Structure formats: C-alpha cells, structure tokens
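Have a look at the structure below before the remarks.
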Amino acid sequence: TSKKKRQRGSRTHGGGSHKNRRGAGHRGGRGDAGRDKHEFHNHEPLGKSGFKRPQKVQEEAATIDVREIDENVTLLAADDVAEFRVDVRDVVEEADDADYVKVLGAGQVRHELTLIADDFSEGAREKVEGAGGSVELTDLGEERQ
Amino acid sequence: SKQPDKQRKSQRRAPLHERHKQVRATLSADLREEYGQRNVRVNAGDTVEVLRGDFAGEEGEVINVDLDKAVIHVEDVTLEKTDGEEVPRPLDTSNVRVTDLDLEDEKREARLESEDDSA
Amino acid sequence: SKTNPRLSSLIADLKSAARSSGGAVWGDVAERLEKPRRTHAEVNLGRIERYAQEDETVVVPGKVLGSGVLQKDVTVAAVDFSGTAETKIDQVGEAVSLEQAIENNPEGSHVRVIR
Amino acid sequence: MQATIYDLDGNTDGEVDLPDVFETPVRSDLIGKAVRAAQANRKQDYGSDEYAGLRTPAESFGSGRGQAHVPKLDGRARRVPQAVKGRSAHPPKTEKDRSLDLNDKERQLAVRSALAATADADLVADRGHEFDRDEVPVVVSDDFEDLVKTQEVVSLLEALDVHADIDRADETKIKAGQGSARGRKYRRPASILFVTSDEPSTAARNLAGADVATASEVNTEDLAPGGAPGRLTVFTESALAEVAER
RNA sequence: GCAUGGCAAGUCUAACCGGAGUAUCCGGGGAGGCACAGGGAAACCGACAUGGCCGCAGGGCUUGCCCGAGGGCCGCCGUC
RNA sequence: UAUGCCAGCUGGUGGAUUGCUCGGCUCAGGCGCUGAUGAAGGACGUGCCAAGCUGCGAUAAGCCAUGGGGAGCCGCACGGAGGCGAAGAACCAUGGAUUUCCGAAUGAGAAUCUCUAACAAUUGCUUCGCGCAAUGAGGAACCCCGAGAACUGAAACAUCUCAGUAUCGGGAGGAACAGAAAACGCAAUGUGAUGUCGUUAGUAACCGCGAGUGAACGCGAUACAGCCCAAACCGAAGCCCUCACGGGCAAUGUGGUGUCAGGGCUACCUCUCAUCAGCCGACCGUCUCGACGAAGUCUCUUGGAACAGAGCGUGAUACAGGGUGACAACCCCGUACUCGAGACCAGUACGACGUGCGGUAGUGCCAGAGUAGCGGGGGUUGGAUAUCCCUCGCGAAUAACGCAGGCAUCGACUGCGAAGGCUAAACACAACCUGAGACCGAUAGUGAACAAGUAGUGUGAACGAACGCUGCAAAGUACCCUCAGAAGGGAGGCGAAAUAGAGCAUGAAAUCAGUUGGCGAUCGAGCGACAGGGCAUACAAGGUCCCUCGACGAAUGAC
Ligand SMILES: [Cl-]
Ligand SMILES: [Cl-]
Ligand SMILES: [Cl-]
Ligand SMILES: [Mg+2]
Ligand SMILES: [Mg+2]
Ligand SMILES: [Mg+2]
Ligand SMILES: [Mg+2]
Ligand SMILES: [Mg+2]
Ligand SMILES: [Mg+2]
Ligand SMILES: [Mg+2]
Ligand SMILES: [Mg+2]
Ligand SMILES: [Mg+2]
Ligand SMILES: [Mg+2]
Ligand SMILES: [Mg+2]
Ligand SMILES: [Mg+2]
Ligand SMILES: [Mg+2]
Ligand code: NA
Ligand code: NA
Ligand code: NA
Ligand code: NA
Ligand code: NA
Ligand code: NA
Ligand code: NA
Ligand code: NA
Ligand code: NA
Ligand code: NA
Ligand code: NA
Ligand code: NA
Ligand code: NA
Ligand code: NA
Ligand code: NA
Ligand code: NA
Ligand code: NA
Ligand code: NA
Ligand code: NA
Ligand code: NA
Numbered sequence: 001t002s003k004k005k006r007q008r009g010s011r012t013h014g015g016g017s018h019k020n021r022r023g024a025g026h027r028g029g030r031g032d033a034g035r036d037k038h039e040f041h042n043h044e045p046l047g048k049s050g051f052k053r054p055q056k057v058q059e060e061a062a063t064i065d066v067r068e069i070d071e072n073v074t075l076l077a078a079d080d081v082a083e089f090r091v092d093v094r095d096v097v098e099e100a101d102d103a104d105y106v107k108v109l110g111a112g113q114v115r116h117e118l119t120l121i122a123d124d125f126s127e128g129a130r131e132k133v134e135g136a137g138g139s140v141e142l143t144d145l146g147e148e149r150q
Numbered sequence: 001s002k003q004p005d006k007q008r009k010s011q012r013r014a015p016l017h018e019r020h021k022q023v024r025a026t027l028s029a030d031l032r033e034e035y036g037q038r039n040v041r042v043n044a045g046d047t048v049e050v051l052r053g054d055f056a057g058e059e060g061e062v063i064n065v066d067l068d069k070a071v072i073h074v075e076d077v078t079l080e081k082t083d084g085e086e087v088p089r090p091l092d093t094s095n096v097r098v099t100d101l102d103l104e105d106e107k108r109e110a111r112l113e114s115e116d117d118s119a
Numbered sequence: 001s002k003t004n005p006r007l008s009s010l011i012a013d014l015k016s017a018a019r020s021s022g023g024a025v026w027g028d029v030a031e032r033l034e035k036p037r038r039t040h041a042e043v044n045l046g047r048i049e050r051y052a053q054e055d056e057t058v059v060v061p062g063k064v065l066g067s068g069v070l071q072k073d074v075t076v077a078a079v080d081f082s083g084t085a086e087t088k089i090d091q092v093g094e095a096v097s098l099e100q101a102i103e104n105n106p107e108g109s110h111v112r113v114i115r
Numbered sequence: 001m002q003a004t005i006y007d008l009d010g011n012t013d014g015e016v017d018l019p020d021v022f023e024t025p026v027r028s029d030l031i032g033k034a035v036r037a038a039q040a041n042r043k044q045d046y047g048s049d050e051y052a053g054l055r056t057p058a059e060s061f062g063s064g065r066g067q068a069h070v071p072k073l074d075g076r077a078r079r080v081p082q083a084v085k086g087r088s089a090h091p092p093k094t095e096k097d098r099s100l101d102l103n104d105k106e107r108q109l110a111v112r113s114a115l116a117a118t119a120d121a122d123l124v125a126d127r128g129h130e131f132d133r134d135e136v137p138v139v140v141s142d143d144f145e146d147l148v149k150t151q152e153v154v155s156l157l158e159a160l161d162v163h164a165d166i167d168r169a170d171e172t173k174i175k176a177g178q179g180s181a182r183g184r185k186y187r188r189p190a191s192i193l194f195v196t197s198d199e200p201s202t203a204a205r206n207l208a209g210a211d212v213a214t215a216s217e218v219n220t221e222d223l224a225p226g227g228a229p230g231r232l233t234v235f236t237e238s239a240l241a242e243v244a245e246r
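Chains as they are written, first to last, in the deposited numbering: chain M, 1 to 83, 89 to 150; chain U, 1 to 119; chain P, 1 to 115; chain E, 1 to 246.
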C-alpha cells in the first residue's frame with residue numbers, strides 16, 4: 001500500500017490544518033519569488049561574474065591518463081609492440102570532435118611505453134620516460150613556441 | 001468489425017436487399033446433396049420443418065417472409081388470440097429447415113443449380 | 001522485498017550454512033545481501049589485487065567489476081561478475097559463485113571480506 | 001543436453017543437442033516484467049473531452065439568496081465537479097504516457113529465460129498444461145512446415161501425447177464484467193506454442209488456444225503468456241537451431 | 001531522494017530503417033546524453049592502480065596475539 | 001386505551017441497485033474542396049389518410065439509363081383502405097432528368113414577397129455589344145498576411161511576464177508556407193535548396209542581470225530536384241481571337257538567344273544524352289466495397305424455449321465478432337483461403353519525340369537603385385555593438401565591382417552574387433470513409449443514446465433541459481356483471497411469469513396506508529455503549545444453556 005492510497009479519510013491528506021494547501025502563498029510566492037527576501041536562504045547570491053569567450057574560439061582537448069593506457073597495453077594486442090608503442094589518437098574516444106589529444110600523467114606506468122599524441126603534461130612525460138619509455142610529439146604537437 | 005455494437009448495428013440497419021441473408025435456413029440432407037449448398041433464402045413457396053421452437057417437429061408451407069423483421073410465417077404455426085382468432089407465430093429461419101422448394105422461378109432455380117452462386 | 005528469486009535463494013542458503021556450519025562470514029554476507037542493493041559491494045580488480053593473498057578466498061558480498069589489474073593467483077567469491085572481471089580473474093586465478101564457496105567450505109575459514 | 005527429434009508419425013528419428021539457452025536460469029520475475037511491458041505497450045491512449053462540462057457561461061450569484069456559491073445558469077448548477085453535468089475533476093488524459101520502457105539486455109535476457117523454462121517438464125506441468133510426455137520441448141522434423149491440414153497436426157499431436165492440452169483450451173470462458181459490451185465477452189486458456197522457422201504454421205494456428213511463432217521473432221509473451229513461464233512448446237528441427245542464437 | 005531490476009568503466013538509445021504474427025513484437029540505428037579529472041573569470045595547467053597510524057565486521061593463531069576490506073585520523077598530489 | 005413511539009409484515013410511492021447498449025469519448029489508416037453551370041444555409045411545399053423526422057422539389061418519400069440484387073415491396077412507422085412486383089419491383093452502385101422561393105444573390109425594391117428585360121458592382125480581353133471571361137459566398141480544423149489586449153506571474157508594481165496568447169480584419173489550398181545561397185564559418189584540402197522529426201540545449205544570448213525568456217551551425221533521420229527571366233548579341237522571325245474570312249496585340253520590342261558548370265561577341269575544338277517543351281502512360285502498394293466460402297441442428301434428462309447437463313459424432317489456411325426463445329467453430333450472418341471492382345498513388349515513374357551539353361583563346365559588350373550603405377525615432381527578437389521589421393532624412397559601386405564570415409575602419413584570407421521569377425516529395429488538420437479500445441455505460445459518457453441545439457427563456461447578441469428496458473411470441477385481455485361511462489372495479493382469458501398489462505426487467509432508501517410484536521394517557525430530553533431482567537419468535541443458515549454434588553483452585557482470605 002502506498003502513502004497516497006491511505007489518504008482517504010484523513011481529510012487533510014497530510015497537510016495539517018485544512019487551511020493550508022491553498023495557493024502560491026503557501027509557497028511564499030510563485031517560482032523563485034523571494035529568493036532575495038524571505039527565502040534568500042540557500043540561493044546563490046545575486047550579481048554578474050566574469051565573461052565567456054565566443055563558442056567558436058574555444059578548443060576542446062580529448063584527454064586520457066597514462067594509467068588507462070598502461071592498464072590495457074597487453075589487451076591492445078592490435079597495437080605495435082617493440083623493444089610497446091601506441092599512438093594515443095587511435096586509443097582515446099571522442100578523438101575526432103576534439104581539437105587535439107592530450108595525455109595526462111595520473112597513475113603509474115609499469116611498462117616501457119612509446120607514446121604519440123598532440124600534447125603531454127610534465128607528469129605524463131616524466132612518468133613515461135621513467136619507465137624506460139619515450140613520448141613522441143605529433144606534427145600537430147609542433148605548436149610549442 | 002469485431003465490436004458487438006457495430007455487428008448488431010450492421011444487421012439491424014442493412015438495406016433491403018442485404019436482408020435476404022437474414023432469412024436463410026439450412027437445407028435437408030437430400031437438398032444439400034442435390035444443389036450443393038448448405039442453406040437457402042426461404043421463399044413463400046417452400047415447405048419447411050420447425051427444429052427448435054415450441055412448434056419444433058411440425059412441418060408446413062411457408063406462407064409469408066418479412067425482410068424488415070427477418071421472420072417467416074409457416075402454415076398452422078399459429079397463436080390463439082383472446083377473441084378466438086388464430087394468428088401466425090413469427091419464426092426465425094435459423095430454427096427452420098427447408099424440406100421442399102418452390103422453383104417456379106427460372107432465376108432462383110438458375111441460381112440454385114449453378115455452382116458459382118447460391119440461392 | 002527482494003525481487004530476484006535467485007538472490008533470494010542464495011541468501012537463504014548462505015543462512016543455512018552459517019547456522020549449521022560454524023561460519024560467521026556467511027551469516028555476515030547474508031545480512032549485507034539483505035540490505036539495500038545500493039549498499040551491496042561493487043569492487044574492481046584494482047582493490048582485490050591490493051588486499052588479497054594466496055590461499056585466502058576473497059569474499060565480495062556484492063559484484064565484481066573488471067577495472068584495474070589482478071595478478072595474484074587468488075580465489076574470488078562473489079554474488080556476480082562482469083564478464084570482463086570473471087575473464088581477467090580466471091586468467092590468473094579462479095572466479096567462483098558464492099553458492100560454490102558455501103559448498104567447498106561451509107565453515108567459512110581462511111576467507112577475506114572485500115568491499 | 002539431448003533432443004529427441006520426431007517424424008510426422010510421432011516416431012523417434014534421431015536427436016540433436018538442446019542449445020545452451022535452454023539452460024538459462026528461469027527468472028519469472030524478469031519474464032513477467034517483459035510480458036507486462038509488451039502488454040502496456042499495445043494499450044491505446046484515451047481521455048475525456050477537454051471541454052466536457054465547461055460548455056456554458058454559468059456563474060455564481062454569490063451571497064444573498066441563501067444559496068451556496070455554485071455557478072448557475074437558467075437556475076441549474078453547472079461546470080463545477082460536484083455538480084451534475086459538471087466537469088470531471090481529474091479525468092483520464094490523452095497526454096498521459098501509458099507505455100513502458102525496458103532495457104534491451106533486460107528484455108533479451110527474459111526471452112532466453114522464458115526459452116529455458118520451456119525445457120522443464122515440471123514447470124510446464126505446473127503452468128497448467130495437459131500432456132503425458134517426459135521430454136520437453138517437443139522438437140519435430142522440418143517437414144512440419146509443409147503440413148496444410150489442421151486435422152493432420154491433430155493426429156501428430158495425439159501421437160505425441162500432447163493433444164490433451166488442446167483439449168484443455170477447447171473451452172471458452174464468458175468473462176464476468178462489462179468487457180462483454182466492448183467485444184471482450186470471451187477468453188480461453190493458452191495451449192501449445194508451435195515455433196517453426198520459415199513461416200508460422202497455418203495448419204496449427206486455428207487449434208484450440210494454440211499460438212504459432214517463428215524462431216527469429218518469437219517473444220516473451222508466446223514463450224510465457226501472462227508472464228507465466230513454462231509453456232508447452234513444439235519447435236521445428238530448424239527453429240530449435242535458430243532459437244539458440246536469440 | 002528511495003526500493004527493486006538489468007548491464008558495468010561504462011551505460012542508454014532518439015528520430016528513423018528493415019522484418020513480422022503489422023499500433024504489440026524481432027532486428028538494426030549510439031546522432032547524442034550522463035559517467036570515465038579537475039582547477040581557473042580567462043589564458044592555461046592538469047591528480048594517490050595506496051606512504052603512515054588507529055580500528056568495526058570477518059579471518060587466522062598455539063586464545064591474549066596477528067591479518068584487518070569497509071570506516072576513521074593524517075600525509076601526499078592537480079589547480080586558482 | 002385513545003393521540004402515539006420503536007422494529008417488522010403485506011401493498012403502495014420512488015427509481016437507486018444489478019444486468020443490458022441503437023449513444024458518447026479517444027486513438028489510428030485512408031481521403032479531402034464547394035460556388036454566377038447560382039453553392040452552403042434557410043423558407044414553403046411534396047404522402048390516400050400525414051403532426052414530427054427523413055427524402056424529395058409543382059415530374060416533389062419521387063422520373064429515366066446501365067449494372068448488381070431478388071421475390072418480394074409501398075422510409076422512420078407494426079393502423080385502415082388500396083396499390084405496385086416475372087413487362088424482374090424493393091433494395092444497392094454509377095450516370096442522367098427535374099430541381100419552387102429567399103440566399104454571394106447579381107434588373108429594382110422587399111422580414112422568403114413585389115415591380116418593369118437585366119453578369120448588380122469591380123475588372124481583363126474586346127468584333128467597344130456584357131460579345132467572351134474573372135471576382136464575390138461556404139467549409140471541421142489545419143495554412144498565409146495584417147491588427148493586437150487584460151486578468152495573471154514578479155508573492156506590491158512601472159521595464160519584464162501572461163504573449164504575439166485571446167480576440168478582430170484580409171485571403172489560399174487539399175494541404176499551405178518555404179526553396180536552389182550576395183548561405184554556412186565543427187576556419188576547413190570542409191558542408192552544399194527547403195520544410196519537418198530527433199539531438200544539439202535549457203547550451204549561446206536577453207533580463208528592475210529579478211521573476212523569467214531562449215535560438216542557431218552541426219549531427220542522426222524523412223524525402224529529395226532542379227530550373228525560368230531581365231540584359232548583352234539578334235530585331236518582327238512572335239502572340240491572341242475566329243472553322244474561314246477577318247480582327248486585335250506588338251519597335252514604349254512580340255519572338256530568338258541567355259541565366260555562375262556566368263552569358264554575349266570573334267576565331268576555333270568537340271559534341272549532344274544536361275536542360276527545356278510536348279507525347280505516351282502504368283506495375284506494386286494502400287483505403288473501401290463485393291463474390292464464393294468447411295463442419296450436428298443426432299440421443300436421454302431439465303425447461304415456456306436448449307444455446308444447459310450426460311452420451312455419440314464433425315470442420316478448421318475458418319476456435320475474430322454478431323444473431324438465434326439460456327453458455328453455439330459445426331442453426332444463420334460472418335471468419336480463413338482464393339478472386340473481382342472502385343478510389344488514391346499519378347497525368348507521377350518508365351518509355352519515346354524534338355532541342356542541344358561542354359571546352360580553349362581573345363574581348364573592361366551585359367548582369368535587377370531610393371537599392372547596398374549611413375543617420376533620427378519606434379517595434380520585434382535569444383540576437384547581446386552582433387535578430388528581423390516599420391517610418392522620417394541621406395545615399396554608392398559596376399565583376400578591374402560588390403556583399404558576407406556575430407563591434408567599427410583599412411589590408412589579407414575564405415565564401416558568395418542582393419535589390420526579377422518558378423518549383424515535385426517528406427510535415428499540418430480531421431470535414432468525409434473505415435478500423436480500433438486495460439475509456440464511459442443513461443445524474444456517466446457529448447448539451448444531445450429519446451422531439452436536441454428539440455421543449456423552453458431572452459427585444460436581441462445568446463442561453464438551454466429532462467425522458468433508454470412488456471414478452472419467446474402481441475398471444476396488447478374475448479365474453480359476462482357493475483357504472484353516467486371506450487373510465488374504473490369484479491369475474492374471466494393469454495403467458496413460464498400480468499407482483500411482465502402499456503413510462504410495462506430488477507425495484508434500494510427517504511416515505512405513506514393497513515397490520516403484527518413490544519411499550520403506553522403520574523411522567524423528563526444526544527435517542528446509546530456495556531450488565532442484567534419482562535414479553536415476542538416456524539424451518540433454514542448458530543447450538544448451546546440451567547441446577548445438586550464433585551475435581552482443579554491465582555491474588556485475596558474469614559466467622
Ligand atoms: Cl570562456
Ligand atoms: Cl574499486
Ligand atoms: Cl559545415
Ligand atoms: Mg560520437
Ligand atoms: Mg447454387
Ligand atoms: Mg458530464
Ligand atoms: Mg459487477
Ligand atoms: Mg434582387
Ligand atoms: Mg505581481
Ligand atoms: Mg522583486
Ligand atoms: Mg519571449
Ligand atoms: Mg548558424
Ligand atoms: Mg527563352
Ligand atoms: Mg517583447
Ligand atoms: Mg446526459
Ligand atoms: Mg416494473
Ligand atoms: Na506532510
Ligand atoms: Na487543505
Ligand atoms: Na518563492
Ligand atoms: Na451550451
Ligand atoms: Na440550502
Ligand atoms: Na500519451
Ligand atoms: Na555515442
Ligand atoms: Na475525403
Ligand atoms: Na408526416
Ligand atoms: Na436533386
Ligand atoms: Na460573372
Ligand atoms: Na461588354
Ligand atoms: Na503576488
Ligand atoms: Na494590487
Ligand atoms: Na527586464
Ligand atoms: Na562532426
Ligand atoms: Na437458431
Ligand atoms: Na532606420
Ligand atoms: Na560568410
Ligand atoms: Na436517465
């Protein structure tokens with residue numbers, strides 16, 4: 001049995017005094033009315049802040065952490081093996102609608118890895134070289150200067 | 001129309017010529033064999049035998065056939081009025097069986113015999 | 001108010017074992033299992049690899065998911081496994097239904113609870 | 001497991017391996033959910049007239065004549081819910097969504113599971129079906145699909161000692177209630193499901209309470225009508241092989 | 001929010017298309033959405049698959065003593 | 001025990017209840033215009049007897065043809081009389097005839113009638129004559145173009161919101177509208193007419209930056225389709241009317257060419273399969289309608305009736321639904337199967353006829369002005385500087401030019417040619433056809449299952465109900481008595497039932513008559529709950545209960 005089901009007979013249906021569930025006054029105003037007066041409580045403060053840059057001047061980077069690449073190197077049997090060598094672009098999903106691919110250095114790198122992407126973070130590099138590996142910057146990556 | 005309301009509606013409102021089918025009856029064994037049909041639209045000439053009513057068992061000549069009310073009058077199948085007069089007790093051709101045919105009509109008999117049309 | 005007739009039997013069986021046998025893990029799991037689905041365990045390999053040890057059956061009073069790496073050769077016992085998990089697991093160990101664990105070890109001994 | 005194939009005479013004729021699916025654990029709860037969904041999905045939207053009861057300029061005289069403040073016209077109350085001829089407070093609505101969503105995985109699982117329940121002589125006996133056989137589902141040669149006369153499927157069914165189930169569904173129930181008035185006066189027990197492979201048995205379909213299906217699209221309903229698992233089924237040599245990949 | 005159920009680092013398809021037993025139903029359709037990294041107005045940069053301590057359940061042992069997921073207290077890391 | 005209280009019994013009143021469904025409600029597929037050739041609508045007529053409804057129109061519930069249909073028929077509507085049908089009626093389909101008056105209403109006037117040949121009025125062509133034509137009004141909503149609130153929200157209220165909503169004016173079609181970039185601007189080596197659907201996104205943008213408001217590109221789909229002028233260069237090679245003669249239009253340019261794969265011109269190359277004009281002209285599918293269509297009406301019992309129970313038997317590519325004196329696959333309609341017709345798709349697709357596409361070089365020959373653009377003031381929008389529009393003023397270039405890419409200017413880059421024109425299909429609605437339903441089931445569902453937009457109300461705009469059910473069959477009550485009596489009553493008849501007898505299935509409560517039990521003319525008022533007594537009670541569905549004694553005997557506990 002549901003709560004609604006049990007209301008027949010209660011008269012008030014759980015609203016207390018029958019003088020309650022009337023109009024919007026029982027709500028302190030229609031919609032967000034009073035967000036600054038009576039019900040200012042729990043409403044982010046009023047005003048403007050900052051600015052935005054035109055939507056089409058904005059570049060969206062497709063990112064991935066070493067840990068993800070590394071945790072599945074073996075499993076990526078359909079990807080070069082050497083002295089492994091993986092081009093990130095082919096790994097990351099959404100790597101099409103993205104203005105470029107960027108490797109981030111979160112986690113561990115337990116294999117010697119040869120990584121090819123458009124951009125890397127310090128941590129990703131250090132980590133990938135520290136495991137006897139190399140990071141190769143794509144031709145698009147040739148945008149550092 | 002699988003819906004009861006429409007089914008009944010179409011029966012009760014069928015134009016005159018579409019009522020003929022409502023006054024059909026089953027044909028004795030001999031007759032089905034002779035013409036190749038299971039039933040026929042009863043005519044005021046045919047002889048028939050009552051198979052269900054209180055008059056079940058009785059046989060008689062078809063005196064009248066109403067298409068509006070989808071009913072027939074069979075000789076001697078009557079009711080005793082108060083004044084002593086005897087009037088016909090309407091019957092449903094569904095509780096009747098034709099034992100004899102009146103074939104004075106080339107057309108009816110033409111239809112009866114053919115194997116592509118039914119009478 | 002559990003809907004699954006299977007999960008419902010498993011719990012019943014877990015109880016039957018905990019009581020008869022000397023187990024305490026089984027009754028413990030029985031209870032967690034009776035608790036809200038949201039409270040049940042969802043553990044990836046990455047965790048199991050971190051706290052399990054050979055010859056000590058891992059018991060997950062929930063489901064096991066295949067995120068991360070498992071190298072240790074351990075026996076994991078869960079309500080269920082993502083196909084990925086049960087795959088990665090049988091590659092270095094053995095994935096086992098709790099119903100089978102209850103049978104190969106009704107005293108619930110040398111077992112580790114992971115969540 | 002093993003599957004005993006039958007020729008059109010009812011005599012053993014080899015045997016095939018009962019595909020894995022018939023080994024899926026029977027989950028009547030998921031089955032039921034899929035049958036429920038199927039049935040709701042074919043229900044039609046309805047609703048009373050948006051303006052029903054609102055077609056008038058009736059108004060309230062207010063206080064002053066010892067009458068309750070009710071809108072009136074020509075001295076007859078109108079529009080309000082508590083007034084005869086008034087609007088229906090909260091009526092059925094066209095707008096309402098009477099459909100049910102079900103995860104493909106969740107649904108396909110229910111089909112295999114319904115499938116599996118078909119292979120259990122006990123379940124099928126519990127569901128209510130009448131038959132004196134031990135193996136189930138009944139698998140038959142592909143020549144079944146060429147039958148053309150109903151009467152022939154009958155002999156084949158009497159030979160397989162499964163005909164008693166059609167005897168069961170050869171009784172109609174004139175329901176209780178007004179469904180009657182809306183063309184639902186009758187209802188009958190569901191008997192045997194014939195699942196072929198190329199087309200649905202035109203020879204079996206008219207059988208008392210029998211339902212015909214095809215291996216590629218047979219669903220959770222024909223497999224477990226009313227959400228009840230364990231329907232007495234008869235596949236075709238080929239059907240049985242197609243089913244397996246579902 | 002919650003109870004239940006499916007799948008799980010993923011998950012769900014929308015319109016729509018084919019099939020059919022033709023509104024049901026079987027198959028296809030992942031466009032796209034939310035989740036998988038955050039910080040910053042922006043430029044821009046970009047994290048602990050566990051380093052320490054308590055310790056509930058549970059387990060272990062030679063019956064207080066170990067191991068202690070979850071939990072708790074810190075460290076450390078990304079960014080302004 | 002008057003008046004009377006409480007409960008019940010018999011009869012009534014009343015019409016709930018249950019059952020029933022000729023109506024509603026909603027969804028879906030199909031289809032979709034009518035009208036000066038006088039529509040829709042209204043008025044008045046039209047029948048043997050005819051008030052209402054329906055049809056019809058002085059040829060008046062109808063006339064003619066062809067097909068279908070069939071032995072019956074003369075509407076709803078079952079009376080009386082009479083008639084029609086084998087000279088093939090009824091009925092159904094298509095086509096034709098007739099078709100009063102008012103009505104856009106059109107000779108003029110008028111509350112449906114009148115006065116003395118009429119496209120009235122406004123237009124096009126024009127033989128300048130109403131000679132030939134057009135318009136006008138209607139329609140369920142849908143569509144396009146204009147005019148445009150307030151309650152309300154903001155807890156007041158002005159900008160904002162309700163909302164370009166309600167409502168008003170003008171008008172199209174079966175669909176409208178839009179539409180082959182002076183586009184987009186995931187900026188690109190990219191996309192490639194338009195609607196619509198999904199998403200993008202409650203994102204960007206607006207906003208007393210409050211409340212609120214709110215796209216697009218792109219993407220996935222549906223359906224797909226691309227062309228014609230103006231001009232240059234030609235210069236009457238042209239068009240319309242008429243059978244013809246003949247007349248009219250046209251140098252203020254009919255016609256050819258041509259239209260950003262720019263074109264024209266000159267010299268060349270090659271070729272046509274583009275396009276445009278006209279001819280032919282469907283399949284399939286889908287909607288509807290129709291033909292044909294298997295198998296019991298066997299036995300016994302109950303019953304008014306078998307469609308019930310028991311027994312015996314049958315069909316099924318047909319066990320959808322309905323009817324029939326009760327629960328019917330096999331009694332009848334139908335249903336599956338097969339087949340036929342009409343409509344839409346569509347004057348479309350396909351096919352064919354004619355035309356001729358395209359390329360190179362040269363050439364500043366051509367290419368839409370109160371425009372592009374700026375300014376003043378408004379409106380509108382998400383459009384912010386960067387929406388779309390109105391109005392007042394100002395105002396350019398000529399492809400070697402010009403516009404756009406979300407502020408202005410200059411340059412570059414990329415895109416693209418405004419100020420001429422057309423355009424199939426996919427999308428909206430639901431008047432019309434058909435089908436469907438976990439919708440309602442007669443105080444519900446439409447206001448309307450009934451005489452329903454009826455009766456009735458209002459000067460008018462307008463407002464606006466209630467009413468379903470005899471029976472298997474009318475067998476709808478003969479005859480007799482009574483009575484002022486076709487009333488009513490009595491007796492009697494029919495039927496299973498008249499307590500089914502006419503607003504007639506069932507027949508609740510309030511309530512009324514008569515009557516039974518209890519109480520009762522010395523007595524006090526929430527009408528009772530729980531105890532305990534009197535009186536009353538057919539069975540059934542409850543069967544217990546009373547007294548002696550005795551056993552057991554908590555707390556309590558004596559004389
Ligand atoms: Cl920004
Ligand atoms: Cl985890
Ligand atoms: Cl683009
Ligand atoms: Mg994508
Ligand atoms: Mg014949
Ligand atoms: Mg109503
Ligand atoms: Mg009922
Ligand atoms: Mg006039
Ligand atoms: Mg306000
Ligand atoms: Mg305010
Ligand atoms: Mg707005
Ligand atoms: Mg855009
Ligand atoms: Mg031309
Ligand atoms: Mg505005
Ligand atoms: Mg009503
Ligand atoms: Mg009565
Ligand atoms: Na409450
Ligand atoms: Na209240
Ligand atoms: Na408020
Ligand atoms: Na009204
Ligand atoms: Na009163
Ligand atoms: Na809906
Ligand atoms: Na996707
Ligand atoms: Na139409
Ligand atoms: Na009349
Ligand atoms: Na006429
Ligand atoms: Na005219
Ligand atoms: Na003239
Ligand atoms: Na307010
Ligand atoms: Na005020
Ligand atoms: Na504002
Ligand atoms: Na894209
Ligand atoms: Na009958
Ligand atoms: Na201006
Ligand atoms: Na642009
Ligand atoms: Na009524």
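C-beta: ideal position from N, C-alpha, C; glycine also.
**One or two residues paired with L142 of chain M in a DSSP bridge** = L142 of chain M has M:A122 as its beta-bridge partners, per DSSP.
**Asked** Helix or strand or just coil, what does DSSP make of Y35 of chain U?
**Response** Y35 of chain U falls in the helix class under three-state DSSP.
**Request:** Identify the continuous alpha helix (DSSP H) that holds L115 of chain E and give its terminal residues.
**Result:** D104 to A117
**Request:** Hey, could you find the ends of the alpha helix (DSSP H) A85 of chain P is sitting in?
**Result:** Here the alpha helix (DSSP H) through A85 of chain P covers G83 to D90.
**Prompt:** Taking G93 of chain P as the reference, which of P:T75, P:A101 and P:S109 has the closest Cα?
**Reply:** P:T75
**Message:** So if DSSP puts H40 of chain P in a beta bridge, which residue, or which two residues, is it bridged to?
**Reply:** DSSP links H40 of chain P through a beta bridge to no other residue.
**Asked** Touch check for the region 129-137 of chain E and the region 105-115 of chain P: three-plus C-beta pairs under 8 angstroms?
**Response** Contact fails: fewer than three Cβ-Cβ distances are below 8 angstroms.
**Request:** Provide the residue span of the beta strand (DSSP E) that contains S238 of chain E, from first to last.
**Result:** From DSSP, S238 of chain E is part of no beta strand (DSSP E) but of the alpha helix (DSSP H) over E237 to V243.
**Item:** Closer than 8 angstroms to chain E by CB, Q11 of chain U
**Value:** no
**Request:** Report the three-state DSSP secondary structure of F22 of chain E (helix, strand or coil).
**Result:** helix
**Prompt:** When every heavy atom of ligand 22 is checked, does at least one fall within less than 7 angstroms of the C-beta of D101 of chain E?
**Reply:** no
**Prompt:** So is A181 of chain E in contact with chain U if we call contact Cβ pairs under 8 angstroms?
**Reply:** yes
**Prompt:** Under 7 angstroms from any heavy atom of ligand 1, does the C-beta of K52 of chain M make it?
**Reply:** Correct: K52 of chain M has its Cβ closer than 7 angstroms to ligand 1.
**Prompt:** Nearest-angstrom Cα distance between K88 of chain P and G66 of chain P?
**Reply:** 7 angstroms
**Request:** Report buried or exposed for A24 of chain M, applying the criterion of at least 16 other Cβ atoms within 10 angstroms of its Cβ.
**Result:** exposed
**Message:** Whole angstroms are fine: how far does the CA of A176 of chain E sit from the CA of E61 of chain U?
**Reply:** Rounded to whole angstroms, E61 of chain U to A176 of chain E spans 43 angstroms at the Cα level.
**Asked** Is the region 138-151 of chain E close to the region 52-64 of chain E, with three or more CB pairs under 8 angstroms?
**Response** Because the criterion of three Cβ pairs below 8 angstroms is not met, the region 138-151 of chain E and the region 52-64 of chain E do not touch.
**Prompt:** If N95 of chain U sits next to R52 of chain U, beta carbons under 8 angstroms apart, how far is it from one beta carbon to the other, in whole angstroms?
**Reply:** 4 angstroms
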